[PDB]
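Sequence lines set the chain letters: A, B, ... in the order given, protein chains first and strands last, and positions in each chain run from 1. Note that these values count all heavy atoms, side chains included, but never hydrogens, waters or copies made by symmetry.
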Amino acid sequence: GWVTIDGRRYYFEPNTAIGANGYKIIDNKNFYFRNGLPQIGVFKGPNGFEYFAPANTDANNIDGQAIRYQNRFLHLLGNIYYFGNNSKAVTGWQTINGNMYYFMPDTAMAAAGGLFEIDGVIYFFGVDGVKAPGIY
Amino acid sequence: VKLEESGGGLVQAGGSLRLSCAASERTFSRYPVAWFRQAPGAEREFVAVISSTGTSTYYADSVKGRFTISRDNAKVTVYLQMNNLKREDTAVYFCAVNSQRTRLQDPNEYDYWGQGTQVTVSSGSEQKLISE
């Protein structure tokens, strides 16, 4: 369960003595742990990528708790994400507000800042992740 | 993933030269491969890149129409065919593999590099007469 060491909260499994790791459901809340410490970021759960957010981002969530986050972009540590109606980060080719993006399969982060090979073809992405016109 | 370059040397302006970049392992064929070129003391500037599939290419505006990048799956080799060569093309040429398929114009994104080979294009005339 939850213990406080120095000042931060850690979670341990009832079968171990070292902190939990990976995606976990705890009393209707979602977390992604690293050596017991909830991680902030966009990580893969059982139904896609969730936003495990800084505390008090939505509905008084705690640090690392997954949140509702609908129909909007997120900038996180310089990486660009887009979240759909179901609060999951989109992947692959997407058209958003008339612009095309490609969200990478391993991370859900937008391809950005030049040429990428995707599906065997070379494409160009602006610094903002927007696919540029024409053939590359 | 070891890369061996060949084909370097000297050509007159307007001439052609083909460079080869041969890999030691079949995994090479799964990744995009680029050529960069570098003048002495300068940085490695982008020339051309080819997709893993061999059918998608991008060229520096400087070389579009003159240079062709291609690959031979059976030989695990990428080529740079250089036509209508100009003195401006004189440089050391490198081939390189970008296994992350990310930001193909940027040399820092490339994780394996060939050893580099000198290409010289001569636009002077009289120093070549005896060889000619």
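- A/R8 and A/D63 are not joined by a salt bridge, as no carboxylate oxygen comes within less than 4.0 angstrom of a charged side-chain nitrogen.
- Geometrically, B/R71 engages B/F28 in a cation-pi contact defined by less than 6.0 Å to the ring centre and at most 45° from the axis.
- Taking the six-membered ring for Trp and the full ring otherwise, A/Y81 and A/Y69 have centroids separated by 6.0 Å or more.
- For the pairing with B/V97, the side chain to side chain contact (heavy atoms under 4.5 Å, CB included) check across B/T27, B/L3, B/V78 returns one residue only, B/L3.
- For the residue pair A/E117/B/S52, the side-chain donor-acceptor check at 3.5 Å is satisfied.
- Scanning all heavy atoms of the two residues, the minimum distance from A/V3 to A/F12 falls at CG2-CE1, 3.4 Å.
- The six-membered or imidazole ring of B/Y110 lies away from that of B/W35, with a centre-to-centre distance of 6.0 Å or more.
- Remark: aromatic rings of A/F43 and A/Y23 are distant, center separation not under 6.0 Å.
- Checked by atom type, the side-chain pair B/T55/B/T53 shows no donor-acceptor distance below 3.5 Å.
- Taking 4.5 Å as the limit, every side-chain heavy atom of B/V1 sits out of range of all side-chain heavy atoms of B/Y31.
- For the atom pair CD (B/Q12) and CG (B/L85), the distance works out to 11.5 Å, reported to the nearest 0.5 Å.
- Side chains of B/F94 and B/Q38 form a contact here, defined as non-hydrogen atoms less than 4.5 Å apart.
- Geometric assessment of A/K44 against the ring of A/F49 yields a positive cation-pi assignment under the 6.0 Å and 45° thresholds.
- Contact between B/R87 and B/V121 at its shortest, heavy atoms only, is CG-O, 3.6 Å.
- Side-chain atoms of A/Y11 and A/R9 include no donor-acceptor pair closer than 3.5 Å.
- Minimum heavy-atom separation, A/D119 to A/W93: OD2-NE1, 3.4 Å.
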